[PDB]
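To start, the structure itself, in structure tokens.
Residue numbers (PDB author numbering), protein chains in the order written: chain A, 637 to 676; chain B, 637 to 676.
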């Protein structure tokens with residue numbers, strides 16, 4: 637192992653980030669969306 | 637013999653995880669705790 641372990645490690649890091657970002661942007665967006673029935 | 641970049645990398649991974657977990661457990665917990673609508 638040396639440079640190949642970067643593939644797995646990279647996926648883990650990216651996975652978490654995408655979750656925190658997606659979840660945050662999704663939750664906040666969803667909440668606001670339902671908040672107002674009219675168009676933005 | 638050789639482990640330095642693991643420190644920084646470890647922090648990043650742990651940081652994200654803690655966020656996804658804390659945020660999720662906090663948000664869900666908060667919502668359930670005070671399900672009552674907001675007044676502000």
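Positions of the beta carbon are idealized from the N, C-alpha and C atoms, including for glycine.
Helix, strand or coil, according to DSSP, for residue i in the structure here?
i                      : result
residue 671 of chain B : coil
residue 641 of chain B : helix
Excluding sequence positions up to five away, which residues of its chain have a Cβ less than 7 angstroms from the Cβ of residue i?
i                      : result
residue 647 of chain A : none
So residue i contacts chain A; which residues on that side make the cut at Cβ distance below 8 angstroms?
i                      : result
residue 659 of chain B : 656, 659 and 660
residue 664 of chain B : Correct list: empty, because the minimum Cβ distance to chain A is about 10 angstroms.
For the ligand ADP, is there any heavy atom lying closer than 7 angstroms to the beta carbon of residue i?
i                      : result
residue 670 of chain A : Only the bare structure without any ligand can be found here, which leaves the ligand ADP out of the picture.
Within its chain, find whatever has a CB closer than 8 angstroms to the CB of residue i; leave out the 5 residues flanking it on each side and keep chain order.
i                      : result
residue 643 of chain B : none
For a contact defined as C-beta to C-beta under 9 angstroms, what are the partners of residue i on chain A?
i                      : result
residue 646 of chain B : By Cβ distance, chain A contributes nothing, its closest Cβ being about 10 angstroms from residue 646 of chain B, past 9 angstroms.
Problem - At least three beta-carbon pairs within less than 8 angstroms, the segment 650-659 of chain A to the segment 653-673 of chain B - result: yes
Problem - Validate contact between the segment 660-675 of chain A and the segment 665-673 of chain B using beta carbons, cut 8 angstroms, 3 pairs - result: no
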